[PDB]
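One structure is given below, encoded as structure tokens.
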Amino acid sequence: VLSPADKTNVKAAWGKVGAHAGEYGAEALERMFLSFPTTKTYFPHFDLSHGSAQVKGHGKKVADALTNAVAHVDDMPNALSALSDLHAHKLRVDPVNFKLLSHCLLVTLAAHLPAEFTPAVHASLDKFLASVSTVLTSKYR
Amino acid sequence: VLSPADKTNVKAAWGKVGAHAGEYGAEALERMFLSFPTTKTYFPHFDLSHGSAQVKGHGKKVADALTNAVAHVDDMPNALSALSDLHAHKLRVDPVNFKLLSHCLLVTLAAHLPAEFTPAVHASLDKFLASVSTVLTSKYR
Amino acid sequence: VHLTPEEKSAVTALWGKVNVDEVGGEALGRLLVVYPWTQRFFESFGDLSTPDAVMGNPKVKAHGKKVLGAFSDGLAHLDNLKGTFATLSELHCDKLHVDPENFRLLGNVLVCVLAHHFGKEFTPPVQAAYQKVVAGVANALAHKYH
Amino acid sequence: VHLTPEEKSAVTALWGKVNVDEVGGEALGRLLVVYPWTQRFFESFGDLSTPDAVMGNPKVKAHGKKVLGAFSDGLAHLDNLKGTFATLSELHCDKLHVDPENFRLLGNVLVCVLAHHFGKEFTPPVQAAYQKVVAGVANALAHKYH
Ligand code: HEM
Ligand code: HEM
Ligand code: HEM
Ligand code: HEM
Ligand SMILES: O=C(O)CCOc1ccc(-c2ncc[nH]2)cc1Cl
């Protein structure tokens, strides 16, 4: 579970990404596709070229959904309810891939927010991403 | 999450296991130790050969806890809370290992339940063991 | 780096007893029931709506036969799994876009089916052998991904 | 695990700028903070009650230094990694009893640390290289387990 300290750290670190939502999401996705090529099997319908509008768009949708979750950190099952529906019944991305994206999001945040990325915040963000993944996969079966 | 059919399936299957739960537990451990040797790292203090009484005793505690989890398939987190603390804060078994043992429990059940282990029951048991696993690690951090 | 001489024998011996069509159909059927998201790859397969229907679906049976047939062939080359499945590995990446994690799920489902069908005979040491094998096949199938 | 030549070149170039002691104690420190269960082997290290205490603990730093020291040293042999790490592998299995998953958690913490540290220079392609390295080292470290 996210502790209140966890919730404080996430809100602080993420409010900090702010307007770079789209930029950081796209970077995270690109880190993922490159480091973990198997993840591209979910995007054979994207131009996965560095800088592609498709990846930039998805990045923003991912960041915005994460912005939402932070904004409703106490009530994430409900706030992400339609998204978990989408992933459970249509996209059907194997659960293992969420840890890979979550990892690349951590790496992205570390590379952009050196001041904010303390060991304690690193830990809180890792738990947070994990909880989002859990919510997004809660309806799989 | 565990549906009413899941709970019905688990109770049925585990009910059929009945008095062999203990035996099936040690078997599952034996299966794990041979199929996934990395798991032996948590038991440096055990004789791990076949027939081992240390393995048989532990298998019985595992099975008993699963029986008890079944008896509280409505309130699993509290029923297992002691085990959560223990695993979280002393045993500190890496989370990846719960999937290995769960898989070996599944295999053990399959090998002893020719009639009962239908696809639907298999699906439910796997869900059930995953939930137990989730509960047992829910306090790790 | 994969599969001891003796474990090879347990594999060979148990597999001599296996009706590959039966097992393949059962294992693919169970993959799709137990891990329903794997259904995303078989949209054209017809009725997959419940456990019954999945297990009785003729296209699932057909394909399970094909898949496990390829698996069977590979058991004859346990020392060269990568080279054996390289063609299918690139097919699964370039043409089919199958997350290689699926091969690991199927491996574990097949292990369950072997256990369910063979009972006491699927002994812990025989399971151990088969775990190494399915891991090896999954690894070989994943190897040409890029 | 089959790093291209430019990938190896990228690895070494970046590592040439790494303060091993500091990054060593940063990474093992963060491992113990981020995955508290990893503390199980270090109850003889003193205080681990807080992030600050764990990051501050000199025995942590010390071991961090010793481990990234061996990692650092292994980077010179990206050719055959499991060879160069064989003996340390045996040691971690038979005497130390370290679940090899621990190596994988440490690999991802190390990557996070290189990211935090080098920032912009830690490009995605430089990351992809380091992911292969840290996976390779973990596989090598696990390979002798039994
Ligand atoms: C933090 C984890 C994740 C978050 C927050 C997330 C969020 C989202 C959002 C907001 C969308 C778009 C929904 C819409 O169009 O209204 C989406 C779609 C999608 N996601 Fe997820 N997702 C996550 C994990 C993953 C992972 C790990 C994968 C595969 C590796 C994946 C694959 C996809 C795909 C293929 C789509 C459809 C893309 C398209 O056609 O535009 N997602 N996700
Ligand atoms: C279904 C999953 C599991 C259940 C239900 C379970 C249950 C238990 C129980 C009932 C005990 C005895 C605690 C007591 O003394 O009251 C125990 C202890 C222990 N468990 Fe777990 N456990 C599970 C998974 C695992 C796994 C995957 C590992 C490692 C691979 C593990 C490692 C241990 C160890 C080393 C002990 C104590 C051994 C000793 O007495 O020296 N457990 N567990
Ligand atoms: C041991 C593991 C596997 C082996 C050896 C294998 C082998 C094969 C073979 C030989 C074919 C060709 C079918 C034909 O000749 O007509 C095939 C097709 C295919 N496989 Fe795999 N397979 C494996 C696992 C999987 C898994 C786990 C999935 C998805 C979860 C998958 C998805 C597919 C799909 C979607 C096709 C094309 C089916 C069609 O024609 O519509 N495979 N596979
Ligand atoms: C790249 C990763 C790692 C490398 C290269 C590495 C290497 C080493 C080396 C060189 C030693 C000293 C061997 C000796 O004293 O003979 C050692 C010892 C040790 N390692 Fe690892 N190690 C790694 C990861 C880990 C991790 C992640 C853990 C625990 C979470 C761990 C636990 C230990 C312990 C408890 C010792 C003994 C320390 C002592 O006796 O003071 N190692 N390792
Ligand atoms: O396989 C995974 O990593 C998780 C996703 O799929 C599930 C796996 C298991 C369960 C479950 N059902 C009951 C308790 N835990 C639920 C879901 Cl949605």
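How things are named: the first chain in the structure tokens is A, the next is B, and so on; residues count from 1 in each chain; ligands count from 1 in the order shown.
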
Return as number ranges by chain the residues belonging to chain B that are within 12 Å of chain C, counting only C-alpha atoms.
B: 6, 24, 26-37, 49-50, 99-100, 102-128

Export, as a short mmCIF file (atom, residue, chain, number, x, y, z; two decimals), in the first residue's frame, the selected residues with N, CA and C atoms.
```
data_model
loop_
_atom_site.label_atom_id
_atom_site.label_comp_id
_atom_site.auth_asym_id
_atom_site.auth_seq_id
_atom_site.Cartn_x
_atom_site.Cartn_y
_atom_site.Cartn_z
N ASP B 6 -14.32 -18.73 -8.19
CA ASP B 6 -12.96 -19.02 -7.75
C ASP B 6 -12.98 -19.63 -6.36
N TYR B 24 1.03 -33.03 0.44
CA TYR B 24 1.08 -32.36 -0.85
C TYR B 24 1.98 -31.15 -0.75
N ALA B 26 4.76 -30.74 1.31
CA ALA B 26 6.16 -31.13 1.25
C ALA B 26 6.53 -31.51 -0.17
N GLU B 27 5.63 -32.22 -0.85
CA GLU B 27 5.88 -32.59 -2.24
C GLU B 27 6.13 -31.34 -3.08
N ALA B 28 5.27 -30.33 -2.90
CA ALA B 28 5.38 -29.08 -3.66
C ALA B 28 6.74 -28.44 -3.42
N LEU B 29 7.21 -28.52 -2.18
CA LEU B 29 8.49 -27.93 -1.83
C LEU B 29 9.58 -28.72 -2.52
N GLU B 30 9.42 -30.03 -2.52
CA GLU B 30 10.42 -30.88 -3.13
C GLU B 30 10.48 -30.53 -4.59
N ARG B 31 9.31 -30.41 -5.20
CA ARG B 31 9.23 -30.05 -6.60
C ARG B 31 9.94 -28.71 -6.85
N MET B 32 9.70 -27.74 -5.98
CA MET B 32 10.33 -26.43 -6.13
C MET B 32 11.86 -26.50 -6.03
N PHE B 33 12.37 -27.16 -4.99
CA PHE B 33 13.82 -27.26 -4.81
C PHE B 33 14.57 -27.85 -6.00
N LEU B 34 13.97 -28.83 -6.67
CA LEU B 34 14.59 -29.48 -7.83
C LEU B 34 14.36 -28.71 -9.12
N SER B 35 13.19 -28.10 -9.27
CA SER B 35 12.90 -27.39 -10.51
C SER B 35 13.53 -26.01 -10.53
N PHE B 36 13.71 -25.43 -9.35
CA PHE B 36 14.19 -24.05 -9.22
C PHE B 36 15.20 -23.97 -8.08
N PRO B 37 16.42 -24.44 -8.33
CA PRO B 37 17.45 -24.57 -7.29
C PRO B 37 17.74 -23.26 -6.57
N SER B 49 17.29 -33.38 0.88
CA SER B 49 17.10 -34.61 0.11
C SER B 49 15.68 -35.10 0.24
N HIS B 50 15.32 -36.03 -0.64
CA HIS B 50 13.99 -36.61 -0.66
C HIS B 50 13.68 -37.30 0.67
N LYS B 99 5.95 -17.24 -6.82
CA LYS B 99 5.41 -17.77 -8.08
C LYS B 99 5.93 -19.17 -8.38
N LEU B 100 7.18 -19.41 -8.00
CA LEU B 100 7.78 -20.72 -8.19
C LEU B 100 7.09 -21.75 -7.32
N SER B 102 4.11 -21.47 -5.89
CA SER B 102 2.72 -21.54 -6.34
C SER B 102 2.61 -22.48 -7.54
N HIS B 103 3.51 -22.32 -8.50
CA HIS B 103 3.51 -23.19 -9.66
C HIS B 103 3.67 -24.64 -9.23
N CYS B 104 4.57 -24.90 -8.28
CA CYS B 104 4.79 -26.27 -7.80
C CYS B 104 3.61 -26.83 -6.99
N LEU B 105 2.90 -25.96 -6.29
CA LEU B 105 1.68 -26.38 -5.63
C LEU B 105 0.69 -26.82 -6.71
N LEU B 106 0.51 -25.96 -7.72
CA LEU B 106 -0.38 -26.27 -8.84
C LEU B 106 -0.08 -27.62 -9.47
N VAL B 107 1.19 -27.84 -9.80
CA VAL B 107 1.64 -29.12 -10.34
C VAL B 107 1.33 -30.29 -9.39
N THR B 108 1.58 -30.09 -8.09
CA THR B 108 1.30 -31.13 -7.11
C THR B 108 -0.18 -31.45 -7.13
N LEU B 109 -1.02 -30.42 -7.15
CA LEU B 109 -2.46 -30.63 -7.17
C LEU B 109 -2.87 -31.36 -8.45
N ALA B 110 -2.39 -30.89 -9.60
CA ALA B 110 -2.67 -31.55 -10.87
C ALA B 110 -2.32 -33.03 -10.78
N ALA B 111 -1.18 -33.35 -10.18
CA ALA B 111 -0.72 -34.74 -10.14
C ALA B 111 -1.52 -35.65 -9.20
N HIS B 112 -2.37 -35.06 -8.36
CA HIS B 112 -3.14 -35.81 -7.38
C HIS B 112 -4.65 -35.67 -7.54
N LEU B 113 -5.09 -34.92 -8.54
CA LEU B 113 -6.52 -34.64 -8.69
C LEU B 113 -6.97 -34.87 -10.13
N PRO B 114 -6.87 -36.11 -10.61
CA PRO B 114 -7.24 -36.39 -12.01
C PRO B 114 -8.60 -35.83 -12.39
N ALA B 115 -9.59 -35.96 -11.53
CA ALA B 115 -10.94 -35.52 -11.88
C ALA B 115 -11.15 -34.04 -11.62
N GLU B 116 -10.71 -33.59 -10.45
CA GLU B 116 -11.01 -32.24 -9.99
C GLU B 116 -10.29 -31.13 -10.75
N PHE B 117 -9.09 -31.40 -11.24
CA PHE B 117 -8.24 -30.36 -11.81
C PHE B 117 -8.65 -30.00 -13.24
N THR B 118 -9.86 -29.46 -13.39
CA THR B 118 -10.35 -29.02 -14.70
C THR B 118 -9.72 -27.68 -15.08
N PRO B 119 -9.85 -27.28 -16.35
CA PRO B 119 -9.33 -25.96 -16.71
C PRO B 119 -9.86 -24.86 -15.79
N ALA B 120 -11.16 -24.87 -15.50
CA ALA B 120 -11.74 -23.81 -14.68
C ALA B 120 -11.18 -23.84 -13.26
N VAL B 121 -10.92 -25.04 -12.75
CA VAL B 121 -10.43 -25.17 -11.39
C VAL B 121 -8.94 -24.81 -11.34
N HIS B 122 -8.25 -25.12 -12.43
CA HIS B 122 -6.84 -24.80 -12.59
C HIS B 122 -6.71 -23.28 -12.58
N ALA B 123 -7.53 -22.62 -13.39
CA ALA B 123 -7.56 -21.16 -13.43
C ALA B 123 -7.79 -20.56 -12.04
N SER B 124 -8.76 -21.12 -11.31
CA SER B 124 -9.10 -20.61 -9.99
C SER B 124 -8.00 -20.83 -8.97
N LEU B 125 -7.41 -22.03 -8.97
CA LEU B 125 -6.30 -22.31 -8.05
C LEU B 125 -5.12 -21.35 -8.29
N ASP B 126 -4.84 -21.05 -9.55
CA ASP B 126 -3.70 -20.20 -9.86
C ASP B 126 -3.96 -18.79 -9.34
N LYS B 127 -5.15 -18.26 -9.63
CA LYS B 127 -5.61 -17.00 -9.03
C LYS B 127 -5.50 -17.03 -7.52
N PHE B 128 -6.04 -18.08 -6.90
CA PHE B 128 -6.00 -18.21 -5.44
C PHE B 128 -4.57 -18.16 -4.88
#
```

Identify all chain A residues at most 10 Å from chain B by counting only C-alpha atoms; ligands do not count. Present them as a ChimeraX atom specification.
/A:1-3,123-124,127,138-141

DSSP on the backbone: which residues in region 5-139 of chain D end up as helix (DSSP H, G or I)? Give the answer as a ChimeraX atom specification.
/D:5-15,20-34,36-41,51-56,58-77,81-94,101-121,124-139

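With the cut-off set to 12 Å and only C-alpha atoms counted, chain D residues close to chain C are residues 1, 2, 82, 139, 140, 142, 143, 144 and 145 of chain D.
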
Could those selected residues go to a file with N, CA and C atoms, as an mmCIF file, in the first residue's frame?
```cif
data_model
loop_
_atom_site.group_PDB
_atom_site.id
_atom_site.type_symbol
_atom_site.label_atom_id
_atom_site.label_comp_id
_atom_site.auth_asym_id
_atom_site.auth_seq_id
_atom_site.Cartn_x
_atom_site.Cartn_y
_atom_site.Cartn_z
ATOM 1 N N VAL D 1 24.878 -9.183 -23.241
ATOM 2 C CA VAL D 1 24.505 -10.433 -23.905
ATOM 3 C C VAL D 1 24.388 -10.245 -25.419
ATOM 4 N N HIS D 2 25.538 -10.303 -26.082
ATOM 5 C CA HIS D 2 25.672 -9.902 -27.472
ATOM 6 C C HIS D 2 25.479 -8.392 -27.554
ATOM 7 N N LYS D 82 30.210 -15.038 -17.948
ATOM 8 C CA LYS D 82 29.941 -16.109 -16.995
ATOM 9 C C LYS D 82 31.237 -16.804 -16.595
ATOM 10 N N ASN D 139 23.085 -13.003 -14.953
ATOM 11 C CA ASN D 139 23.041 -14.376 -15.474
ATOM 12 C C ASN D 139 24.322 -15.127 -15.118
ATOM 13 N N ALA D 140 25.453 -14.480 -15.371
ATOM 14 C CA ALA D 140 26.754 -15.045 -15.037
ATOM 15 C C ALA D 140 26.841 -15.387 -13.552
ATOM 16 N N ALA D 142 24.520 -16.128 -11.591
ATOM 17 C CA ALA D 142 23.568 -17.169 -11.209
ATOM 18 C C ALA D 142 23.940 -18.521 -11.804
ATOM 19 N N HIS D 143 24.799 -18.503 -12.814
ATOM 20 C CA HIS D 143 24.974 -19.663 -13.682
ATOM 21 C C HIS D 143 25.477 -20.911 -12.954
ATOM 22 N N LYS D 144 26.267 -20.717 -11.904
ATOM 23 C CA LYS D 144 26.813 -21.843 -11.160
ATOM 24 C C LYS D 144 25.907 -22.333 -10.047
ATOM 25 N N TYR D 145 24.793 -21.643 -9.821
ATOM 26 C CA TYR D 145 23.862 -22.086 -8.783
ATOM 27 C C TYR D 145 23.363 -23.522 -9.021
#
```

Excluding residue 84 (chain A) and its own-chain neighbours fewer than 3 positions away, which residues fall within 12 Å of it when counting only C-alpha atoms? Please give them as JSON, numbers by chain.
{"A": [65, 76, 77, 78, 79, 80, 81, 87, 88, 89, 90, 91, 92, 93, 95, 132, 133, 134, 135, 136, 137, 138, 139, 140, 141]}

Written file, previous selection with N, CA, C and O atoms, as a short mmCIF file (atom, residue, chain, number, x, y, z; two decimals), in the first residue's frame:
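Output file again_13.cif is given in full below:
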```cif
data_model
loop_
_atom_site.label_atom_id
_atom_site.label_comp_id
_atom_site.auth_asym_id
_atom_site.auth_seq_id
_atom_site.Cartn_x
_atom_site.Cartn_y
_atom_site.Cartn_z
N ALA A 65 -2.33 9.95 -17.60
CA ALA A 65 -2.97 8.92 -16.77
C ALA A 65 -2.26 8.79 -15.43
O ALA A 65 -2.89 8.55 -14.41
N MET A 76 -7.31 5.03 -6.37
CA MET A 76 -6.79 4.71 -7.70
C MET A 76 -7.58 3.67 -8.49
O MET A 76 -7.67 3.77 -9.71
N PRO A 77 -8.12 2.65 -7.81
CA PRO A 77 -8.97 1.71 -8.56
C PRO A 77 -10.05 2.46 -9.34
O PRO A 77 -10.28 2.18 -10.52
N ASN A 78 -10.70 3.42 -8.68
CA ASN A 78 -11.80 4.16 -9.30
C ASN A 78 -11.35 5.16 -10.34
O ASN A 78 -11.97 5.29 -11.39
N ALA A 79 -10.27 5.89 -10.04
CA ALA A 79 -9.76 6.90 -10.96
C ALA A 79 -9.24 6.29 -12.25
O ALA A 79 -9.34 6.90 -13.32
N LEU A 80 -8.68 5.08 -12.16
CA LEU A 80 -8.15 4.38 -13.33
C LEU A 80 -9.10 3.30 -13.83
O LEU A 80 -8.71 2.45 -14.63
N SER A 81 -10.34 3.32 -13.36
CA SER A 81 -11.28 2.24 -13.65
C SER A 81 -11.44 1.93 -15.14
O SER A 81 -11.46 0.77 -15.53
N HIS A 87 -7.14 -2.14 -20.50
CA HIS A 87 -5.98 -3.03 -20.57
C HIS A 87 -6.38 -4.49 -20.35
O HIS A 87 -5.88 -5.38 -21.03
N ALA A 88 -7.31 -4.72 -19.43
CA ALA A 88 -7.80 -6.07 -19.17
C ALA A 88 -8.46 -6.73 -20.38
O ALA A 88 -8.13 -7.87 -20.73
N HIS A 89 -9.37 -6.02 -21.04
CA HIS A 89 -10.26 -6.65 -22.01
C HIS A 89 -9.92 -6.42 -23.48
O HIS A 89 -10.38 -7.16 -24.35
N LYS A 90 -9.13 -5.39 -23.75
CA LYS A 90 -8.76 -5.08 -25.12
C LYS A 90 -7.26 -5.16 -25.41
O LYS A 90 -6.83 -5.99 -26.20
N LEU A 91 -6.46 -4.30 -24.78
CA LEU A 91 -5.02 -4.31 -25.05
C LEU A 91 -4.38 -5.65 -24.66
O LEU A 91 -3.66 -6.26 -25.45
N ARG A 92 -4.68 -6.12 -23.44
CA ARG A 92 -4.25 -7.44 -22.97
C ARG A 92 -2.73 -7.61 -22.95
O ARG A 92 -2.19 -8.67 -23.29
N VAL A 93 -2.04 -6.56 -22.52
CA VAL A 93 -0.59 -6.59 -22.39
C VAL A 93 -0.20 -7.48 -21.23
O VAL A 93 -0.67 -7.27 -20.12
N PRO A 95 1.19 -8.84 -17.98
CA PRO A 95 1.59 -8.14 -16.76
C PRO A 95 3.09 -7.92 -16.60
O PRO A 95 3.46 -6.94 -15.96
N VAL A 132 0.10 1.31 -9.56
CA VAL A 132 -0.61 1.62 -10.79
C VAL A 132 -0.72 0.38 -11.67
O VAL A 132 -1.80 0.04 -12.16
N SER A 133 0.40 -0.29 -11.89
CA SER A 133 0.42 -1.53 -12.65
C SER A 133 -0.57 -2.53 -12.06
O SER A 133 -1.29 -3.19 -12.79
N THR A 134 -0.59 -2.64 -10.74
CA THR A 134 -1.51 -3.59 -10.11
C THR A 134 -2.95 -3.23 -10.42
O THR A 134 -3.75 -4.09 -10.80
N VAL A 135 -3.29 -1.95 -10.27
CA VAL A 135 -4.61 -1.49 -10.64
C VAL A 135 -4.90 -1.77 -12.12
O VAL A 135 -5.96 -2.30 -12.46
N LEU A 136 -3.95 -1.47 -13.00
CA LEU A 136 -4.19 -1.66 -14.42
C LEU A 136 -4.32 -3.13 -14.84
O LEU A 136 -4.83 -3.42 -15.92
N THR A 137 -3.87 -4.04 -13.98
CA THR A 137 -3.97 -5.47 -14.31
C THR A 137 -4.97 -6.21 -13.44
O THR A 137 -5.10 -7.43 -13.53
N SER A 138 -5.68 -5.47 -12.58
CA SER A 138 -6.55 -6.08 -11.57
C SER A 138 -7.73 -6.83 -12.18
O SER A 138 -8.27 -7.76 -11.57
N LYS A 139 -8.12 -6.44 -13.39
CA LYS A 139 -9.29 -7.02 -14.04
C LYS A 139 -8.96 -8.07 -15.10
O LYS A 139 -9.85 -8.54 -15.81
N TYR A 140 -7.69 -8.45 -15.22
CA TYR A 140 -7.27 -9.40 -16.26
C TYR A 140 -7.99 -10.76 -16.21
O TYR A 140 -8.24 -11.37 -17.25
N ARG A 141 -8.32 -11.22 -15.01
CA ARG A 141 -8.95 -12.53 -14.89
C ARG A 141 -9.65 -12.72 -13.55
O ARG A 141 -9.42 -11.94 -12.61
#
```
